[PDB]
>>> print(open('structure-v7.txt').read())   # compact mmCIF, N, CA, C and O atoms
# COMPACT_ATOMS: atom_id res chain seq x y z
N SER A 1 -14.43 2.22 -17.12
CA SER A 1 -13.12 1.60 -17.41
C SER A 1 -12.73 0.66 -16.28
O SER A 1 -13.36 0.70 -15.24
N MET A 2 -11.71 -0.16 -16.49
CA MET A 2 -11.23 -1.08 -15.45
C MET A 2 -9.95 -0.49 -14.88
O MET A 2 -9.11 0.01 -15.64
N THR A 3 -9.80 -0.53 -13.57
CA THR A 3 -8.63 0.05 -12.90
C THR A 3 -8.14 -0.95 -11.87
O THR A 3 -8.93 -1.55 -11.15
N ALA A 4 -6.82 -1.13 -11.79
CA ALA A 4 -6.21 -2.05 -10.84
C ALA A 4 -4.79 -1.55 -10.61
O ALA A 4 -4.32 -0.69 -11.36
N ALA A 5 -4.11 -2.09 -9.61
CA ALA A 5 -2.75 -1.70 -9.27
C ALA A 5 -2.04 -2.96 -8.75
O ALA A 5 -2.71 -3.89 -8.27
N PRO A 6 -0.70 -3.02 -8.84
CA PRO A 6 -0.02 -4.21 -8.33
C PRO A 6 -0.01 -4.29 -6.81
O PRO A 6 -0.13 -3.28 -6.12
N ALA A 7 0.11 -5.50 -6.30
CA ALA A 7 0.19 -5.76 -4.87
C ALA A 7 1.27 -6.82 -4.68
O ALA A 7 1.59 -7.54 -5.62
N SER A 8 1.82 -6.93 -3.48
CA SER A 8 2.83 -7.95 -3.21
C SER A 8 2.15 -9.31 -3.19
O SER A 8 0.94 -9.39 -2.95
N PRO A 9 2.89 -10.41 -3.42
CA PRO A 9 2.20 -11.71 -3.41
C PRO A 9 1.58 -12.05 -2.06
O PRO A 9 0.59 -12.77 -1.99
N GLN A 10 2.14 -11.53 -0.98
CA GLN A 10 1.58 -11.78 0.35
C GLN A 10 0.27 -11.02 0.52
O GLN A 10 -0.65 -11.53 1.13
N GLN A 11 0.18 -9.81 -0.02
CA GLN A 11 -1.07 -9.05 0.06
C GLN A 11 -2.16 -9.74 -0.77
O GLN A 11 -3.31 -9.79 -0.37
N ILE A 12 -1.78 -10.28 -1.91
CA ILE A 12 -2.74 -11.00 -2.77
C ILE A 12 -3.24 -12.25 -2.03
O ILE A 12 -4.43 -12.57 -2.05
N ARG A 13 -2.33 -12.94 -1.35
CA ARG A 13 -2.68 -14.11 -0.54
C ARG A 13 -3.63 -13.72 0.59
O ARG A 13 -4.60 -14.42 0.87
N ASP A 14 -3.35 -12.61 1.24
CA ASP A 14 -4.17 -12.12 2.34
C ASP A 14 -5.57 -11.78 1.87
O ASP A 14 -6.56 -12.15 2.50
N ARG A 15 -5.68 -11.11 0.73
CA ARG A 15 -6.99 -10.75 0.17
C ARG A 15 -7.82 -12.00 -0.12
O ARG A 15 -9.03 -11.98 -0.03
N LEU A 16 -7.16 -13.09 -0.48
CA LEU A 16 -7.86 -14.34 -0.74
C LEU A 16 -8.44 -14.90 0.53
O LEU A 16 -9.59 -15.31 0.54
N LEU A 17 -7.66 -14.90 1.59
CA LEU A 17 -8.11 -15.46 2.86
C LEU A 17 -9.29 -14.66 3.40
O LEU A 17 -10.19 -15.21 3.99
N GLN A 18 -9.27 -13.36 3.17
CA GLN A 18 -10.37 -12.49 3.60
C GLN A 18 -11.62 -12.64 2.69
O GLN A 18 -12.67 -12.09 2.99
N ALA A 19 -11.48 -13.37 1.59
CA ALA A 19 -12.58 -13.55 0.64
C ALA A 19 -13.15 -14.99 0.65
O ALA A 19 -14.14 -15.28 -0.04
N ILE A 20 -12.52 -15.86 1.41
CA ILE A 20 -12.94 -17.26 1.52
C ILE A 20 -13.14 -17.66 2.97
O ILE A 20 -12.72 -16.96 3.88
N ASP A 21 -13.77 -18.79 3.16
CA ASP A 21 -13.98 -19.37 4.48
C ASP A 21 -12.73 -20.19 4.79
O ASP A 21 -12.05 -20.60 3.85
N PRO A 22 -12.42 -20.48 6.07
CA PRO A 22 -11.29 -21.38 6.30
C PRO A 22 -11.40 -22.75 5.62
O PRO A 22 -10.40 -23.40 5.39
N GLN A 23 -12.62 -23.19 5.30
CA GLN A 23 -12.83 -24.45 4.56
C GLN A 23 -12.73 -24.24 3.03
O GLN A 23 -13.13 -25.09 2.25
N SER A 24 -12.20 -23.08 2.64
CA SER A 24 -12.04 -22.65 1.24
C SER A 24 -13.35 -22.40 0.50
O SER A 24 -13.36 -22.19 -0.71
N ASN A 25 -14.46 -22.40 1.23
CA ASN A 25 -15.76 -22.10 0.64
C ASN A 25 -15.73 -20.63 0.24
O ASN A 25 -15.15 -19.81 0.93
N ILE A 26 -16.35 -20.30 -0.88
CA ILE A 26 -16.33 -18.92 -1.37
C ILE A 26 -17.28 -18.06 -0.54
O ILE A 26 -18.45 -18.42 -0.37
N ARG A 27 -16.81 -16.93 -0.04
CA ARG A 27 -17.67 -16.00 0.71
C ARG A 27 -17.86 -14.69 -0.04
O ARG A 27 -18.95 -14.16 -0.13
N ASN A 28 -16.78 -14.18 -0.61
CA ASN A 28 -16.82 -12.94 -1.38
C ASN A 28 -16.29 -13.20 -2.79
O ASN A 28 -15.14 -12.90 -3.10
N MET A 29 -17.12 -13.79 -3.62
CA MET A 29 -16.71 -14.23 -4.97
C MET A 29 -16.03 -13.17 -5.83
O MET A 29 -15.08 -13.47 -6.53
N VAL A 30 -16.51 -11.94 -5.77
CA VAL A 30 -15.93 -10.87 -6.58
C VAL A 30 -14.46 -10.69 -6.19
O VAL A 30 -13.59 -10.55 -7.06
N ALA A 31 -14.18 -10.72 -4.90
CA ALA A 31 -12.82 -10.54 -4.42
C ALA A 31 -11.96 -11.75 -4.78
O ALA A 31 -10.80 -11.59 -5.13
N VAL A 32 -12.52 -12.96 -4.73
CA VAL A 32 -11.75 -14.15 -5.12
C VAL A 32 -11.40 -14.05 -6.61
O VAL A 32 -10.28 -14.31 -7.00
N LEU A 33 -12.37 -13.67 -7.44
CA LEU A 33 -12.12 -13.53 -8.88
C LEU A 33 -11.03 -12.51 -9.14
O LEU A 33 -10.16 -12.72 -9.99
N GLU A 34 -11.05 -11.41 -8.40
CA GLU A 34 -10.02 -10.38 -8.55
C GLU A 34 -8.66 -10.87 -8.09
O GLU A 34 -7.64 -10.52 -8.67
N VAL A 35 -8.62 -11.70 -7.05
CA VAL A 35 -7.36 -12.29 -6.60
C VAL A 35 -6.80 -13.19 -7.70
O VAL A 35 -5.61 -13.13 -7.99
N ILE A 36 -7.64 -14.01 -8.32
CA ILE A 36 -7.15 -14.89 -9.39
C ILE A 36 -6.65 -14.04 -10.54
O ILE A 36 -5.59 -14.30 -11.10
N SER A 37 -7.41 -13.01 -10.89
CA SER A 37 -7.03 -12.12 -11.98
C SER A 37 -5.72 -11.41 -11.66
O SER A 37 -4.90 -11.18 -12.55
N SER A 38 -5.52 -11.06 -10.40
CA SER A 38 -4.29 -10.42 -9.97
C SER A 38 -3.12 -11.37 -10.12
O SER A 38 -2.07 -10.96 -10.54
N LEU A 39 -3.30 -12.64 -9.80
CA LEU A 39 -2.19 -13.61 -9.91
C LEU A 39 -1.89 -13.94 -11.37
O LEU A 39 -0.75 -14.20 -11.72
N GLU A 40 -2.90 -13.92 -12.22
CA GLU A 40 -2.68 -14.14 -13.65
C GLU A 40 -1.91 -12.96 -14.26
O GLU A 40 -1.18 -13.12 -15.22
N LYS A 41 -2.06 -11.77 -13.66
CA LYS A 41 -1.31 -10.58 -14.11
C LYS A 41 0.06 -10.45 -13.45
O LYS A 41 1.01 -9.98 -14.06
N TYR A 42 0.14 -10.85 -12.19
CA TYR A 42 1.34 -10.70 -11.38
C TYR A 42 1.85 -12.07 -10.94
O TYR A 42 1.38 -12.64 -9.94
N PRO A 43 2.82 -12.63 -11.67
CA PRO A 43 3.29 -13.95 -11.26
C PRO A 43 4.08 -13.93 -9.97
O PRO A 43 4.75 -12.96 -9.64
N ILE A 44 3.99 -15.02 -9.23
CA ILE A 44 4.70 -15.19 -7.98
C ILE A 44 5.88 -16.13 -8.28
O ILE A 44 5.82 -16.88 -9.25
N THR A 45 6.94 -16.07 -7.48
CA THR A 45 8.13 -16.90 -7.70
C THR A 45 7.98 -18.21 -6.93
O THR A 45 7.11 -18.32 -6.08
N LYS A 46 8.83 -19.20 -7.22
CA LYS A 46 8.75 -20.49 -6.54
C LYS A 46 8.89 -20.35 -5.04
O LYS A 46 8.10 -20.90 -4.29
N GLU A 47 9.90 -19.61 -4.60
CA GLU A 47 10.16 -19.44 -3.17
C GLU A 47 8.99 -18.76 -2.47
O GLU A 47 8.57 -19.16 -1.38
N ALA A 48 8.45 -17.73 -3.09
CA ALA A 48 7.33 -17.01 -2.51
C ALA A 48 6.08 -17.89 -2.52
O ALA A 48 5.29 -17.84 -1.59
N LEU A 49 5.89 -18.67 -3.56
CA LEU A 49 4.73 -19.56 -3.66
C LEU A 49 4.76 -20.58 -2.53
O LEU A 49 3.71 -20.96 -2.00
N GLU A 50 5.96 -21.02 -2.18
CA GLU A 50 6.15 -22.01 -1.14
C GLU A 50 5.70 -21.46 0.22
O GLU A 50 4.91 -22.09 0.92
N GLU A 51 6.18 -20.28 0.58
CA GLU A 51 5.78 -19.66 1.86
C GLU A 51 4.29 -19.30 1.86
O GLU A 51 3.57 -19.55 2.82
N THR A 52 3.81 -18.71 0.77
CA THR A 52 2.40 -18.30 0.69
C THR A 52 1.46 -19.50 0.63
O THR A 52 0.27 -19.37 0.94
N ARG A 53 1.99 -20.66 0.23
CA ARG A 53 1.21 -21.91 0.11
C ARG A 53 0.03 -21.71 -0.83
O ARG A 53 -0.97 -22.42 -0.77
N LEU A 54 0.17 -20.73 -1.72
CA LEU A 54 -0.90 -20.36 -2.63
C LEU A 54 -1.25 -21.50 -3.56
O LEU A 54 -2.40 -21.67 -3.92
N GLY A 55 -0.27 -22.32 -3.93
CA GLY A 55 -0.55 -23.46 -4.80
C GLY A 55 -1.59 -24.41 -4.20
O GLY A 55 -2.45 -24.92 -4.89
N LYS A 56 -1.51 -24.61 -2.89
CA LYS A 56 -2.46 -25.48 -2.19
C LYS A 56 -3.80 -24.77 -2.07
O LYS A 56 -4.85 -25.38 -2.27
N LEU A 57 -3.77 -23.48 -1.75
CA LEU A 57 -5.00 -22.70 -1.58
C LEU A 57 -5.82 -22.62 -2.85
O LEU A 57 -7.00 -22.91 -2.84
N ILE A 58 -5.20 -22.24 -3.95
CA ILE A 58 -5.92 -22.10 -5.23
C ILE A 58 -6.51 -23.45 -5.64
O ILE A 58 -7.60 -23.50 -6.19
N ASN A 59 -5.80 -24.53 -5.37
CA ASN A 59 -6.29 -25.86 -5.71
C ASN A 59 -7.56 -26.22 -4.95
O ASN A 59 -8.47 -26.83 -5.51
N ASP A 60 -7.64 -25.88 -3.68
CA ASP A 60 -8.83 -26.21 -2.89
C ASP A 60 -9.99 -25.24 -3.16
O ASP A 60 -11.15 -25.64 -3.22
N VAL A 61 -9.67 -23.97 -3.38
CA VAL A 61 -10.68 -22.97 -3.74
C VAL A 61 -11.33 -23.42 -5.05
O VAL A 61 -12.53 -23.30 -5.24
N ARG A 62 -10.52 -23.96 -5.95
CA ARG A 62 -11.03 -24.48 -7.22
C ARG A 62 -12.01 -25.64 -7.01
O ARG A 62 -12.93 -25.82 -7.80
N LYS A 63 -11.84 -26.42 -5.95
CA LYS A 63 -12.76 -27.52 -5.68
C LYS A 63 -14.08 -27.02 -5.12
O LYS A 63 -15.13 -27.58 -5.40
N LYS A 64 -14.02 -25.96 -4.32
CA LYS A 64 -15.21 -25.42 -3.66
C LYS A 64 -16.02 -24.42 -4.49
O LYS A 64 -17.19 -24.16 -4.20
N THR A 65 -15.43 -23.84 -5.53
CA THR A 65 -16.15 -22.86 -6.33
C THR A 65 -17.21 -23.46 -7.27
O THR A 65 -16.97 -24.43 -7.98
N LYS A 66 -18.38 -22.84 -7.28
CA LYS A 66 -19.47 -23.23 -8.20
C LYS A 66 -19.29 -22.49 -9.53
O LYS A 66 -19.85 -22.87 -10.55
N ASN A 67 -18.51 -21.42 -9.51
CA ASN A 67 -18.32 -20.60 -10.70
C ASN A 67 -17.25 -21.22 -11.59
O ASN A 67 -16.08 -21.31 -11.22
N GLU A 68 -17.67 -21.65 -12.77
CA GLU A 68 -16.78 -22.31 -13.71
C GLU A 68 -15.65 -21.43 -14.23
O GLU A 68 -14.58 -21.94 -14.52
N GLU A 69 -15.85 -20.12 -14.35
CA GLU A 69 -14.78 -19.26 -14.82
C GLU A 69 -13.69 -19.23 -13.79
O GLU A 69 -12.52 -19.31 -14.13
N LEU A 70 -14.07 -19.15 -12.53
CA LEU A 70 -13.10 -19.16 -11.44
C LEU A 70 -12.31 -20.47 -11.52
O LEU A 70 -11.08 -20.48 -11.43
N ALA A 71 -13.02 -21.57 -11.72
CA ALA A 71 -12.37 -22.87 -11.84
C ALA A 71 -11.45 -22.97 -13.07
O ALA A 71 -10.38 -23.59 -13.01
N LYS A 72 -11.85 -22.37 -14.18
CA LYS A 72 -11.04 -22.37 -15.41
C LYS A 72 -9.80 -21.49 -15.26
O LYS A 72 -8.71 -21.91 -15.63
N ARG A 73 -9.95 -20.30 -14.70
CA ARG A 73 -8.80 -19.40 -14.48
C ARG A 73 -7.86 -20.05 -13.47
O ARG A 73 -6.65 -20.02 -13.64
N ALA A 74 -8.41 -20.65 -12.43
CA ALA A 74 -7.59 -21.35 -11.44
C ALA A 74 -6.82 -22.49 -12.11
O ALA A 74 -5.66 -22.73 -11.80
N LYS A 75 -7.45 -23.20 -13.04
CA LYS A 75 -6.77 -24.29 -13.76
C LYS A 75 -5.58 -23.75 -14.57
O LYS A 75 -4.52 -24.38 -14.62
N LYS A 76 -5.76 -22.59 -15.20
CA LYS A 76 -4.67 -21.95 -15.97
C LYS A 76 -3.52 -21.60 -15.03
O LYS A 76 -2.35 -21.90 -15.31
N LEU A 77 -3.86 -20.96 -13.92
CA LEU A 77 -2.88 -20.51 -12.95
C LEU A 77 -2.09 -21.66 -12.36
O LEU A 77 -0.87 -21.61 -12.29
N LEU A 78 -2.78 -22.72 -11.96
CA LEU A 78 -2.12 -23.89 -11.39
C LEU A 78 -1.23 -24.58 -12.43
O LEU A 78 -0.19 -25.10 -12.08
N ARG A 79 -1.64 -24.57 -13.70
CA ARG A 79 -0.83 -25.20 -14.74
C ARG A 79 0.49 -24.45 -14.90
O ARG A 79 1.54 -25.04 -15.13
N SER A 80 0.42 -23.14 -14.75
CA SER A 80 1.62 -22.31 -14.85
C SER A 80 2.52 -22.59 -13.65
O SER A 80 3.74 -22.74 -13.79
N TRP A 81 1.92 -22.67 -12.48
CA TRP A 81 2.66 -22.93 -11.25
C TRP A 81 3.30 -24.32 -11.19
O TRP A 81 4.24 -24.54 -10.44
N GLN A 82 2.83 -25.27 -12.00
CA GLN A 82 3.45 -26.59 -12.04
C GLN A 82 4.88 -26.47 -12.56
O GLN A 82 5.78 -27.11 -12.03
N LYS A 83 5.09 -25.64 -13.57
CA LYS A 83 6.44 -25.43 -14.11
C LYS A 83 7.28 -24.53 -13.21
O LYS A 83 8.49 -24.58 -13.24
N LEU A 84 6.61 -23.72 -12.40
CA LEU A 84 7.29 -22.82 -11.50
C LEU A 84 7.94 -23.60 -10.35
O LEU A 84 9.02 -23.27 -9.90
N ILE A 85 7.27 -24.66 -9.91
CA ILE A 85 7.79 -25.52 -8.85
C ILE A 85 8.79 -26.51 -9.45
O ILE A 85 9.81 -26.81 -8.84
N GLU A 86 8.45 -27.03 -10.62
CA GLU A 86 9.24 -28.06 -11.32
C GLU A 86 9.64 -29.23 -10.39
O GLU A 86 10.82 -29.47 -10.12
N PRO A 87 8.64 -29.96 -9.85
CA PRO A 87 9.03 -31.05 -8.95
C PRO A 87 9.54 -32.29 -9.67
O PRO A 87 9.07 -32.63 -10.76
N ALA A 88 10.50 -32.97 -9.05
CA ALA A 88 11.07 -34.20 -9.60
C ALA A 88 10.80 -35.35 -8.63
O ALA A 88 11.45 -36.39 -8.67
N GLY A 89 9.83 -35.15 -7.75
CA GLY A 89 9.52 -36.13 -6.73
C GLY A 89 8.26 -35.68 -6.02
O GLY A 89 7.57 -34.79 -6.52
N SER A 90 7.97 -36.28 -4.87
CA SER A 90 6.79 -35.92 -4.08
C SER A 90 7.11 -34.73 -3.17
O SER A 90 8.31 -34.48 -2.94
>>> encode(input="structure-v7.txt", output="structure tokens")
Amino acid sequence: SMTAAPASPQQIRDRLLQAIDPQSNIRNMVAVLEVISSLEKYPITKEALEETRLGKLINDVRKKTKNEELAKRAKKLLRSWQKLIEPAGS
């Protein structure tokens, strides 16, 4: 069976950093996939997204990943976060 539990958005952000290189290169793909899956299950708020800078991180991880599912899930997540930020400027 599959088992998971909720985590705070900062813990989810931390798990990502521990699963990638500072250049956003993937080091622990299974953990990165689980982080994306965790964010798709547990939405973050605009204010929290801003401090966590997760919007920028997921976007660059998406550029460095060779795994298309990771890139597709990241695309879904970022599309959701576009409305979460709702920018009217740069």
>>> select_by_dssp(input="structure-v7.txt", residues="chain A", states="helix (DSSP H, G or I)", output="VMD selection string")
chain A and resid 9 to 17 29 to 41 46 to 52 54 to 64 68 to 85
>>> atom_distance(input="structure-v7.txt", atom1="atom C of residue 34 of chain A", atom2="atom N of residue 86 of chain A")
23.7 Å
>>> atom_distance(input="structure-v7.txt", atom1="atom CA of residue 42 of chain A", atom2="atom C of residue 88 of chain A")
26.5 Å
>>> closest_residue(input="structure-v7.txt", among="A:10, A:52, A:62, A:44", to="residue 81 of chain A", atoms="only N, CA, C and O atoms")
A:44
>>> atom_distance(input="structure-v7.txt", atom1="atom N of residue 45 of chain A", atom2="atom C of residue 83 of chain A")
10.2 Å
>>> residues_near_point(input="structure-v7.txt", point="(-14.6, -20.3, -3.3)", cutoff="8 Å", atoms="all atoms listed in the file", output="ChimeraX atom specification")
/A:19-21,23-29,32,60-67
>>> residues_around(input="structure-v7.txt", residues="residue 33 of chain A", least_positions_apart="5", cutoff="8 Å", atoms="only N, CA, C and O atoms", output="list in words")
residues 19, 28, 38, 39, 40, 69 and 70 of chain A
>>> write_last_selection(input="structure-v7.txt", atoms="N, CA, C and O atoms", output="mmCIF file, keeping the file's coordinate frame")
data_model
loop_
_atom_site.group_PDB
_atom_site.id
_atom_site.type_symbol
_atom_site.label_atom_id
_atom_site.label_comp_id
_atom_site.auth_asym_id
_atom_site.auth_seq_id
_atom_site.Cartn_x
_atom_site.Cartn_y
_atom_site.Cartn_z
ATOM 1 N N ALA A 19 -11.480 -13.370 1.590
ATOM 2 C CA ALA A 19 -12.580 -13.550 0.640
ATOM 3 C C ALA A 19 -13.150 -14.990 0.650
ATOM 4 O O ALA A 19 -14.140 -15.280 -0.040
ATOM 5 N N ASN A 28 -16.780 -14.180 -0.610
ATOM 6 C CA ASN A 28 -16.820 -12.940 -1.380
ATOM 7 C C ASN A 28 -16.290 -13.200 -2.790
ATOM 8 O O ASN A 28 -15.140 -12.900 -3.100
ATOM 9 N N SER A 38 -5.520 -11.060 -10.400
ATOM 10 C CA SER A 38 -4.290 -10.420 -9.970
ATOM 11 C C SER A 38 -3.120 -11.370 -10.120
ATOM 12 O O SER A 38 -2.070 -10.960 -10.540
ATOM 13 N N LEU A 39 -3.300 -12.640 -9.800
ATOM 14 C CA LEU A 39 -2.190 -13.610 -9.910
ATOM 15 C C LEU A 39 -1.890 -13.940 -11.370
ATOM 16 O O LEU A 39 -0.750 -14.200 -11.720
ATOM 17 N N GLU A 40 -2.900 -13.920 -12.220
ATOM 18 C CA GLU A 40 -2.680 -14.140 -13.650
ATOM 19 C C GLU A 40 -1.910 -12.960 -14.260
ATOM 20 O O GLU A 40 -1.180 -13.120 -15.220
ATOM 21 N N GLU A 69 -15.850 -20.120 -14.350
ATOM 22 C CA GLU A 69 -14.780 -19.260 -14.820
ATOM 23 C C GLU A 69 -13.690 -19.230 -13.790
ATOM 24 O O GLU A 69 -12.520 -19.310 -14.130
ATOM 25 N N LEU A 70 -14.070 -19.150 -12.530
ATOM 26 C CA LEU A 70 -13.100 -19.160 -11.440
ATOM 27 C C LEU A 70 -12.310 -20.470 -11.520
ATOM 28 O O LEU A 70 -11.080 -20.480 -11.430
#
